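FYI the Cβ positions are ideal-geometry reconstructions off the backbone, even for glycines, and counts take in every protein chain you see. A short reminder: the numbers here are calculations on the coordinates, not readings from a lab.
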There are 2 protein chains.
Amino acid sequence: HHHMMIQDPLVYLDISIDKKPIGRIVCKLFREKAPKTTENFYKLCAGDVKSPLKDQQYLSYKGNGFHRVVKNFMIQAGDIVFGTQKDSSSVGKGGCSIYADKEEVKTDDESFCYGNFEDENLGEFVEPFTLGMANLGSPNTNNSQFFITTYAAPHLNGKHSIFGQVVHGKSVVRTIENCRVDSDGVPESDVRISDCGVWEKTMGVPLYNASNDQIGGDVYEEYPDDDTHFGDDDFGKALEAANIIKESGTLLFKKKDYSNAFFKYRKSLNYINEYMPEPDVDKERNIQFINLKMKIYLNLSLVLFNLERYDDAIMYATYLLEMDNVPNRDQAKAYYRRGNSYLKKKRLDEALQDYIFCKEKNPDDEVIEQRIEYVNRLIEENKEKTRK
Amino acid sequence: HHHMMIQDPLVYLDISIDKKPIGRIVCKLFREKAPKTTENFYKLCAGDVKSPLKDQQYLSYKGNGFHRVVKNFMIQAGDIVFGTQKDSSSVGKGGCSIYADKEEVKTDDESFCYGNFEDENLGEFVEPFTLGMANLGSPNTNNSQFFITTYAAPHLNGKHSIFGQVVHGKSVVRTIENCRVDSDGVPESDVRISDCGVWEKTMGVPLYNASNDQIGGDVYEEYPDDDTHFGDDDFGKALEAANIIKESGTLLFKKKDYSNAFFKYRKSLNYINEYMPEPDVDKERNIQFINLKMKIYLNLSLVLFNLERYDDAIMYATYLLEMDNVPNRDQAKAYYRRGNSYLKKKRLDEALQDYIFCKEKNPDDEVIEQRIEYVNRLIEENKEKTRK
């Protein structure tokens, strides 16, 4: 007659690759539909069950690796028997649930999968970012190994317990998914769950390889195809998104937060490249996306100069100059900024030629004639060093 | 009776990957041993032979791609028939020497390899960075496709004309060699010869993804195993090298050239990791390499903070803290610098804990007590935002 409610719990995994922090993944676990599975994962994140594997220890995913990565399919972790300590070819062969006891571990020598428990919620793998249990390839062989899907995976349907979904840090999942692997899907780099636990919102969602700052109303996923705010042929909403993300970057640029400004401008570019309609599909918006793309390439060339990323600055200025029908004032900015980057790299001939094109394109340029003179002098100083 | 001398010529290829400049490769060509082959390559770099493929054109490697990359073997380019323009599955099937004429191109419809010429200097592929001609798998089928070896390649012995070697930019060759590929060795990214020509020393050797600045006497190759200055078990000379490279970094750091200082410190670390002897092999030098490694990790954590690379700074500080027997003053520097990076990332709990360990390890710390107070206030400000 009575039914107490407990909400789906939230847990987190912090990911580091070769001790370099990437960011936090926050997962929501399906307690109603998969209660034994949810309890196991929750407690392995929380790290408070005593280990039946070694006397002075707790079971936990902390320090565990992602030992199998298959792009366009899934990423797999959780061999806490072999996959966490040091010195095997054994990684991937083990696991241990919170239901294991020391008696099982002693008696069954040959087995390295302890506390196997029942399948639950054996549904379909339709959406990316679904959490499922890895098993030994037969019913009710769940222990501690799990995966996060990165695609639709219908071949898994009915075979693996579905127990959760990623809520925050979908981009970190994609970062893992793109790691180079060998032919067996083993990552070349050391991808680790560097910490884990129970999550709530005041703990935050760190991200190191892109910016998830909501400054300027940037609510959008890093990966444009993973965003869920609008439809894939809603060009007006896509353009709104790209503009918001651009403005977020500028707010950050004004605070001298150059790395995050760069991250936002790059994200805006990715949205543009993903959603921009062809001329015959939406004439006025195609023009608007193109104009925004020019602005983004110019912003990128400037902020990357500030970060001593001169190669990157040169790349983006070149993308801009290679576009059709770039207005002369924009061309002049691209040449000036590309020139500045070549100058920092002591590419004097290249810098000079860009600065000369800058003048042709905006001859009321003010700072430019002096810049050409400065470079001309450096080239003369160089010829003197050579001569001596 | 008479014999005029002409020296082996020098040519260059500038490499860009997705329009991002990587750097310059300078090759010396073996004119005596392979004169027809040398002439072909030299003129394809110089770009001054008129093209029999299209009327308003010259034959050149400019804009041509590396269409096959095999790590631990070679990198291959030079399909100037298909591999340079736009719109095929045909890339790799074509080539055209400077000896081709328009008559051949018209008459033989089915063939896309024009001006085939004779094998020369069919030797052994022993050393990395050897230039050889790709051919069609039978004698005297050389046109424009070529490769640079990255390893010993004895399976090629006697089958491919050897016509040169890399002199500058061996690291750029390694950068190409490490590009991700599909199962057929086709690079995922667009690796291009963005320019090429005849080289001489006043033109310089640009490098964008590392530093080849000889400041401080740094004469050593970027890749430690590719350096040729000392023997692989000469630990005294290896230690001298690592120290020189470190000092080069510091000279650059003092000029506020933070990106190149970073590049030098990373290179010094790579030399250390490559050449450091085990305790039982050379006791006093093992200790000296370990001490230098601690200093390098500390320098890295500071310079990367200056570059807004907080993830990288955190990584290197963590490598230092994970070493055995780190002196307390060094530990305190690592905690302070790791804390500073967490603070920039608004990881307040993490920053606070590092700053607290900093104090424990150097309690005559001066700036640290105020820093702990500053972070304590930010945490309180955060709790107020939450409460409101």
Response to the item:
Dividing the helical contributions, -39500 (n - 2.57) per DSSP H run of n ≥ 4, by the residues of chain A yields a 222 nm value, nearest 500 deg cm²/dmol, of -13000 deg cm²/dmol
Response to the item:
Per chain A, sqrt(5λ) over the Cα gyration tensor eigenvalues, sorted largest first, in Å, gives 51, 25, 17
Worksheet item: Under a plain spin-label model, where a point goes 7 Å from the Cα along Cα-to-Cβ, how far apart in nm are B:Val186 and B:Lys346?
Response: 4.4
Worksheet entry | Calculated log₁₀ intensity ratio I(q)/I(0) where the Debye formula runs over C-alpha points of segment B:27-151, q = 0.17, 0.18, 0.19 Å⁻¹ | -0.87, -0.98, -1.09
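Got the relative contact order for segment B:240-388 handy, in percent, Cα pairs under 8 Å and 6 or more residues apart?
Relative contact order here is 15 percent.
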Item to complete: Within 10 Å of each Cβ in peptide B:307-320, how many partner chain Cβ atoms are there on average? Round it to a whole number, please.
Response: 4
Response to the item:
Neighbours of B:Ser138 by Cβ distance under 11 Å: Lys/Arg at +1, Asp/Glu at -1, summed charge 0
Discussion item. With θ taken as phi - 60° and the coefficients 6.51, -1.76 and 1.60, list the Karplus ³J(HN,Hα) couplings across segment A:17-33 in order, rounded to whole Hz; mark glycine and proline as x.
Written reply: 10, 6, 6, 8, x, 10, x, 9, 9, 10, 10, 9, 10, 8, 5, 4, 7
Response to the item:
Taking placed amide H atoms and a strict 5 Å upper bound, the residues 5 or more places from A:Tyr58 or on another chain that come that close are A:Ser51
Worksheet, complete the sentence: Projected convex hull area of the protein assembly as shown, Cα atoms, direction-averaged, in nm², equals 44.8
Worksheet entry | Relative packing of B:259-269, A:32-42, A:113-123, which averages over residues the other C-beta atoms within 10 Å, highest first | B:259-269, A:32-42, A:113-123
Fill in: Surface/4 of the Cα convex hull for segment A:217-296, nm²
4.8
Discussion item. I need the inter-copy label distances for B:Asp225: point set 7 Å along Cα to C-beta, values in nm with one decimal, smallest first.
Written reply: 3.5
Fill in: Calculated over segment A:240-388: convex hull of Cα atoms, volume per residue (Å³)
116
Worksheet item: Taking amide hydrogens as modeled 1.01 Å from N in the peptide plane, which residues meet the under 5 Å criterion relative to A:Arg68, leaving out close sequence neighbours?
Response: A:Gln76
Worksheet item: Using θ = phi - 60° and the Karplus form 6.51 cos²θ - 1.76 cosθ + 1.60, what ³J(HN,Hα) does each residue of segment B:190-204 get, whole Hz, x for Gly and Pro?
Response: 8, 8, 10, 7, 6, 7, 6, x, 7, 10, 9, 4, 5, 6, x
Fill in: ³J(HN,Hα) computed for each position of segment A:342-354 - Karplus, 6.51 cos²θ - 1.76 cosθ + 1.60, integer Hz, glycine/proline x
4, 5, 4, 7, 6, 8, 5, 4, 5, 4, 4, 5, 4
Fill in: Exam field: A:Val70 pseudo-label spacings to other copies (7 Å along Cα-Cβ), nanometres
2.9
Practice prompt. Subtract the Cα-Cα distance of A:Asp109 and A:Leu136 from 0.36 nm times their separation in residues, and report this length gain in nm to one decimal.
Written response: 8.0 nm
